[PDB]
């Protein structure tokens, strides 16, 4: 029938790759090919024919056939040897290649990979592609099931900073990026050691640093170690204060909806005075926000609070701010937003007036005229499934809803904003998944302050895409730090605005 009964039906499945790439990167997958079964014992060779346009050929320095017993999602070097593979060189002018079945040694997964040269142009049109045209065993072709085209966009930088398996952690989630005044880059993450689930699972906070603008990164270091279920840590947000100290804020303990006034999920801060090399022991500041030890009786029966992961905002006055999403009642799964802020470099903390009813993870950015813009995640598919916005003209103390900023879809995800100037026009860059209604196709949009209108989205990384954080580098490049894949890797991408929009 569909399944015949005259022998073993070998089936070949073939995926083109669409992850970003950057110049001078080695062994980047263009196409992956999987056999459903091992080559049979009587088989002597497998031959793979492929096409590759001249514009791609002009941008690579070498080609390879990689053979592995594992089927990997990312480029094989991204797994740092945790995926063992053999590498068989191909001349860049060649369009076929063959391997003995002994060389293949029972393995089923084949990768057409390339070394990328020192490319000069990064426009939207500059993408690498290849196609596998033939797979034959003992000179007999097999039917190829093609499941996606190859299209790898060239970016000025592109690096997976945290990949499932790294350091023994099974998974990673929740990206936070910070550029300090001296130019250092701090990237932090949930080290989701056993699986991808949120607190109250056992989770660590891990960090990597770069002192050359993201060209190279230090070995990952665990900053805060989880100590078991209900005793992990995660959801980091970062700022640098006016005095120059770095500050991280994070939660730990039970899950968000399990937190109670008397047994809370706690909020901690830790600071660094040396550009992220060393960090102070985490200090519990839960008592400034809610619960049993809170000095405000009106908030002592609040149940939960957490600041949105990524970055806060330090205002021109030196006021340090993070938006907290707070659970006020145990009868409902509903959060309200309040700005958590300090006017004494983190010694004490206060709460603004309520900024958003039925909000979720929220971010802040500084308007050109000095007002503060809040972007609030739409949780629970409220209203028109749009992202929510609010404005404050008193440095974050009081707020009004700002529907004139609404206009982009939010499938219910954390994202980030940057205030940017383009062609003399003040604008806000906003990162979110495009969806629709799913965490797919990581996108950026530009909102024009003066016309009150949003651009069409530009997809930065197609495929599964979730939380993102953004920072401006000293030289005008943008650093974009996104959750890629269903099993997430945290990826740091660098571009200028013209690379995406004009």
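Positions refer to the first chain, counted from 1.
Q: Given the B-factors recorded for C-alpha atoms, which segment has the greater mean, 131-139 or 114-122?
A: Per the PDB entry, the higher value belongs to 114-122.
Q: Using the B-factors recorded in the PDB entry, average over the C-alpha atoms of 425-433 and of 94-102, then report which stretch comes out higher.
A: Taking the mean B-factor of the alpha carbons in each, 94-102 is higher.
Q: In terms of recorded Cα temperature factor, pick the maximum from 459, 446, 48, 466.
A: Highest CA B-factor of the listed options: 48.
Q: Whose CA atom has the top B-factor in the entry, of 375, 280, 331, 350?
A: 331 has the highest C-alpha B-factor of those listed.
Q: Ranked by Cα temperature factor within the chain, is residue 257 in the lowest third, the middle third or the highest third?
A: Residue 257: CA B-factor falls in the lowest third of its chain.
Q: Mind checking which third residue 31 falls in for C-alpha B-factor across the chain?
A: Its C-alpha B-factor, which the entry lists for residue 31, ranks in the middle third among residues of this chain.
Q: Pull the Cα B-factor of residue 381 out of the PDB entry and bin it into the chain's lowest, middle or highest third.
A: Answer is middle: the recorded C-alpha B-factor places it there.
Q: For residue 275, return the chain-relative third of its C-alpha B-factor as stated in the PDB record: lowest, middle or highest.
A: For residue 275, whose C-alpha B-factor we compare with every modelled residue in the chain, the answer is the middle third.
Q: Relative to the other modelled residues of the same chain, rank the CA B-factor of residue 482 and answer lowest, middle or highest third.
A: Lowest third - that is where residue 482 ends up once the chain's C-alpha B-factors are sorted.
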